[PDB]
Number of protein chains: 2
Amino acid sequence: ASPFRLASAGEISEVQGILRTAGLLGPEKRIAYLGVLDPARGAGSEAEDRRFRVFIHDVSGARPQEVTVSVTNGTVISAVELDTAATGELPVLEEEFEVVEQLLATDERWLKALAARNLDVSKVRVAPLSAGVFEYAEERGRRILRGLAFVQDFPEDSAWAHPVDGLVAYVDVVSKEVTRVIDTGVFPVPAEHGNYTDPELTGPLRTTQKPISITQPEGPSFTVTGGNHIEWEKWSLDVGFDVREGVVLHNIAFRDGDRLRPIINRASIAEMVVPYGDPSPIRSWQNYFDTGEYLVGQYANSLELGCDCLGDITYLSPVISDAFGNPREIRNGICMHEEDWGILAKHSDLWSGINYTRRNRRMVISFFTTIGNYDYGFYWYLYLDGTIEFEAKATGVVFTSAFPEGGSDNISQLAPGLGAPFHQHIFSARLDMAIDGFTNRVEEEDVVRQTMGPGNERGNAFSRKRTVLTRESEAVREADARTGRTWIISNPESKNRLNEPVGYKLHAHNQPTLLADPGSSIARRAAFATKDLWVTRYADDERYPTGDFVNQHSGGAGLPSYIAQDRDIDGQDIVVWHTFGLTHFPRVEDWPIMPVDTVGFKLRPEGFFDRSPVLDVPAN
Amino acid sequence: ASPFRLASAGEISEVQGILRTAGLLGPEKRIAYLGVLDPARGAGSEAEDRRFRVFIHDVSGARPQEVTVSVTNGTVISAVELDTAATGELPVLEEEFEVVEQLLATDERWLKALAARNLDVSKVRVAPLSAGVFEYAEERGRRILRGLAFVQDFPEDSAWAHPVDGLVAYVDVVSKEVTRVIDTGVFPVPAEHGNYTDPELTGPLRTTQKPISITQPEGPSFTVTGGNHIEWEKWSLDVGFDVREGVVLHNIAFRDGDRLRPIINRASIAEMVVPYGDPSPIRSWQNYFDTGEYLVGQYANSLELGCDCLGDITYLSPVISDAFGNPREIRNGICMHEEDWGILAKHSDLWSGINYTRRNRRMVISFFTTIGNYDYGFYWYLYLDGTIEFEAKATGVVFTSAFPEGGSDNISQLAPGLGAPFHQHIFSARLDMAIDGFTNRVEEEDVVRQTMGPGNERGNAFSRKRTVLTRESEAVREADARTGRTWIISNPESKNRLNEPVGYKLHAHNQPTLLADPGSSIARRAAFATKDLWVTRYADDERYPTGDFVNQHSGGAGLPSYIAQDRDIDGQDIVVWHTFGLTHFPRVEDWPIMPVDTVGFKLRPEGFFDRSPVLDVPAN
Ligand SMILES: [NH3+]CCc1ccccc1
Ligand SMILES: [NH3+]CCc1ccccc1
Ligand SMILES: [Cu+2]
Ligand SMILES: [Cu+2]
Ligand code: NA
Ligand code: NA
């Protein structure tokens, strides 16, 4: 009954039928993106209109189309031809991954480069890398992928251990032309293997780990109704899934007594970028937006019980469309479980004699995605005390290069001859806030140091200051760890029992933002990544910090264009966009497969409740 | 057999006997501190000399004594009379907690202040707060406590909800004189109770939490030998316990193949300070060093199975001395267990077809302490991949005041009439490093941004720079979150297979340091807390960042005096002191008992190993 339910196989088949009947999905068409649209502001009409947005690619070279479909009424709502030279290309198709390698294997310039290196072309894998926008005028309006090569000594070999440096090719995947092959010189192909399942590399496996058993003899404390509605320890929310963003959280709310209080209308990771800091011409163009260009949701793993998710696990299996509009299930794509989380609160009082201890727990909602060499886990946590936390776990295999003779200022050496270019992993969380409703505002809170003097004779005082962000033009903010800077989202029209506005405080990790030169192509295309915090006024069509079509867009779309409208955000329907990321100088310990590193953020109640919300938690 | 074993009841009884026989422990003497001394550098003689350091207080007013005892040979090694006016007073005695309230209850000025407020003196509890050093010349050389009052409506009432503001008293606890009573005016005593076990406050307890069962059907993967030596997943270490510092980690080392490699010689939290930022004369003197002044180890809780520690738990029960030299056990004072910790490493490879997943776990060593209103958990974590992490968990009851009419810039309002002054909780970790041995150095690592130009035509490059700290005078460092600043401890004489020095990287949380004016008394006494990182050359007697006798020391002892020696630290036996802390602006949700907040730091291998150290972990 819920308009926020997951898309079903039947809905996707109906979309495919509507498009077919309308003449929009013939045999030369491919679906590059398909997703349900959220209800507009004002779904209180209960008139359910399940609408889907579709990006349709044309393999014959005709212009692509953005189509909106009403599955409820069986109609096409709108269909617009896209000018990709102006507004950007469609996301990379899974079926284009092979095309780079296959085209190159019959190009004379590529074959000559391999022959000079004594490489068998049947061993050479080619990574299909997004192109970006640089100095090649001939690429504007064309669908380009760039290719970097790795040697596979045998079919179960890890190709990442054998980069072929000094070589890169550009391919037009629609017209099937190799447009350029660039060979800056021969580098030795690193010879050591990186096969982390080879007993010669691992040695004998440890026998010292004894089992840890986590069970729930009465089952879990959360309930799932309607397929994707979760109720857990006064929290209520809907778990969505989008092929671009992955897991999306809707209608996060907290039952405070008899009253269901909204906190967040929609939470997602709306973009992620991995820019590389190696100035070599072979890789200086390399920045992939795994979300916006590749769509991380369509690469979600099936998660195995007792390996990926441990404990009493409830799964969701989201449905997405393949390139022809057929439904395909991602079996066990989302894991859902609660975890013990240590001490919640504890006091032994010298005067009252009362000893008091309570335990914490958190609800975990997660998925894993794999795009090429990298693997990422996305984890949302809900805590008993009202805290909401996000954590990204980065693992997989680092992207490699040769390590030059005489060293490098921009590459780490991992093994003899083997390098790993410096890079960042930068995320954008899009938080459509609804603190006690939709009239919200953001204040920047700084610690204030005070000088010794009158009214502060002992020089011990310190304070804090809050600055309201009133218009979008002043709502692009930077971190300041030294002054303890945080941001508070409050509802100036809803007060707690002390007559203060209710709020939530955003705690950032204060890691470095985008390091590239502000005049670079990547600074223009990933402008969101240059600042820690952006606040916009809510609009239906402002969904991604980089715009709708990231692939080969020249720059400036998304957040810089949104905030230029300079709209009123003081007690309005607002959206918080938080940039956070890891700066990765690879270490020897990251090779041949990298242990998880993490980054994220959290939101804690700030006078949202009238006292601690966990006084009613029982003793274990 | 190990010189790092825990003190036993028999050893403490022998210390008591040696002191008695030597004439040093008559009936007017009290032991204010007793602890075993670590072996000197060069214990390879195997000549075990178990030595104990003792601070002996004299209740008759004679000068106190520092005594060193050899329990092995049954001799007093040294006994020095202390000039407390010069070098500081001894730590607060547990038996002095009562004395403040009892003396005040017969003082006419105190009784008059209570009568003006219509307060029953039999209801008024008085907190025994450390005095610091301020403008009262008459306190130099005297053992002073200051008292702040709270009303207990009945014996099981939480007194913290009823602060008596506008009133403070100073007491000489040796001569039993009330030296001053200060009454700046009447404030209403907040009337609401804060009794978090009162069903009228909690409402009916939740029935929705179902059990989480964590068991180890084959027992734990770690072994304990010799009472306190731990072996777990290639880690080896000794767990010590000191009445001042609490849990101390010794000889942390990692078995890399057939070779046992040292990492950290001694790890402890060597100080902690809670400075308050309320400029009111009633509280502007208030800064307690829970470690240095009160000794957090002697207030360690007995931890209950299934409440404080959940899972397959191994306990230690450390032994300490009471004020007369009798052994007393802290039953179940240290919990020890391993925990599942999610995904360790994961990759699904598009070219090799291999799917690979491994799970992480951590070894946990923790204790909890309670000093008055506050409770703290100290957690050390060891991870499979070589990471070492510390986490402090702060909970308990916030220290309260009245909330003034018309508001305050330095106090939060928690309930009608009830305030909580702003404060910080600042810790000092003392890390006696031994990375692959004792020849170590520290480098400060910053991200380096690069400008668009020749050699960086696309403006994408970025790098890093490392600066060696060569002398103590340049080894007082500040955080810089914006440039991603970390610190690497390396051994320039031990190289990994890539011929780079082995190292470990220290990752700080980059929270604000001490906020008080640099000319204040607390900035001088807690100088360690003004900077994030200090490096000293190892010396036997340089144990605490604040000096040996913190109580009523005028300032400058400890780290500023150590680093003034300007010793060589480039490839030497060094000690890293890391300051980290929480800045606490209390929120309504912290009342009436506060949910845990956390802070800490971690160290990760940086080219310590020749590849990932967890390739030999088996599939679950
Ligand atoms: N992660 C997106 C870039 C990529 C895609 C496929 C193989 C290697 C790298
Ligand atoms: N935590 C050390 C200060 C303190 C000691 C006893 C009661 C309240 C406060
Ligand atoms: Cu990385
Ligand atoms: Cu606090
Ligand atoms: Na909003
Ligand atoms: Na050392």
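Residues numbered from 1 in each chain as written, not as in the entry; some residues may be left out. Chains lettered and ligands numbered in written order. Heavy atoms only, no water.

Structure determination for the deposited model, as stated in its record, used X-ray crystallography, and the stated resolution is 1.83 Å.

On to the coordination of the copper ion (ligand 3), then. Residues and elements named next belong to chain A. Within the protein, the copper ion (ligand 3) binds to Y374 (OH), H423 (NE2), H425 (NE2) and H584 (ND1); these donor distances fall in the range 2.0 to 2.5 Å. Metal-centred angles of 79 to 148° between the four donor atoms at the copper ion (ligand 3) mark the site as irregular. All donors to the copper ion (ligand 3) come from one chain, and their sequence spacing reads Y-x48-H-x1-H-x158-H. With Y374 in strand β21 (residues 374–383) and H425 in strand β26 (residues 423–433), the pair connects residues that are 51 residues apart, well separated along the chain. Across the pair, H425 and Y374 agree in class, each one buried. (Donors = N, O, S within 2.8 Å, 3.2 Å for Na, K, Ca; no water. Tetrahedral: all angles 85-135°; square planar, octahedral: opposite > 155°, others 65-115°. Helix = DSSP H or I, 4+ residues; strand = E, 2+ residues; numbered from the N terminus. Buried < 20%, exposed > 50% of the residue type's maximum accessible area, 1.4 Å probe, protein only.)

Another aspect to go through is the site of ligand 1. All names here are of chain A. Surveying the vicinity of ligand 1 reveals the residues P128, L129, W160, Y288, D290, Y294, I371, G372 and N373. In this structure, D290 approaches ligand 1 through a side-chain N or O atom, which is 2.6 Å from a nitrogen atom. Here a nitrogen atom of ligand 1 sits 3.0 Å away from a polar atom, N or O, in the main chain of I371. Here ligand 1, which alone exposes 290 Å², has 100% of that area covered by the protein. Looking at the shell around ligand 1, the elements with two or more residues in it are β5 (124–130) and α6 (290–294). Among the residues forming the shell around ligand 1, the class breakdown is six nonpolar, two polar and one charged. (Near = heavy atom within 4 Å. Polar contact = N/O pair within 3.5 Å; in protein donor to acceptor, adjacent residues only side chain to side chain. Areas by Shrake-Rupley, 256 points an atom, 1.4 Å probe, with all protein chains shown as cover. Nonpolar A, V, L, I, M, F, W, Y, C, P; charged D, E, K, R; others polar.)

What follows deals with the domain arrangement of chain A. All names here are of chain A. Domain assignment breaks chain A into domain 1 (1–87), domain 2 (94–195) and domain 3 (196–619). Once you take the C-alpha centre of each, domain 1 and domain 3 turn out to be 29 Å apart. The interface of domain 1 with domain 3 comprises 27 residues on the first partner and 33 residues on the second. Taking both partners together, domain 1 and domain 3 bury about 2,400 Å²; carbon and sulfur atoms supply 54% of that area. The three residues of domain 1 that bury the most area against domain 3 are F4, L6 and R41, which together make up 29% of that side's buried surface. Counting across the domain 1 and domain 3 interface gives four salt bridges. (Domains from an automatic or database assignment. Contact = heavy atoms within 4.5 Å. Buried area = accessible area lost by both parts, 1.4 Å probe. Salt bridge = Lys/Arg side-chain N within 4 Å of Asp/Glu carboxyl O.)

Now for the sheet that holds strand β25 (residues 418–421) of chain B. Residue and element names in this part refer to chain B. With antiparallel pairing, three strands are arranged side by side in an open sheet as β23-β25-β24. Edge strands, defined here as strands with exactly one partner in the open sheet, are β23 (401–402) and β24 (411–415). Two strands pair when backbone bridges link them, and β24 and β25 are joined in this way by four bridges, in the antiparallel orientation. Across the sheet, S412 pairs through a bridge with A420, a residue of β25. (Pairing = 2+ DSSP bridges.)

We now examine the relation of the copies chain B and chain A. Taken as rigid bodies, chain B and chain A are interconverted by a rotation of 180° and an axial shift of 0.0 Å, the fit giving an RMSD of 0.0 Å. The superposition of one copy onto the other is thereby described by a two-fold rotation axis. Considering only C-alpha atoms, the residue of chain B closest to the rotation axis is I214 of chain B, which sits at 2.3 Å. Taken together, the interface assignments show that 100% of the residues at the interface of chain B recur at the interface of chain A, consistent with an identical surface on both copies. (Least-squares fit on C-alpha atoms.)

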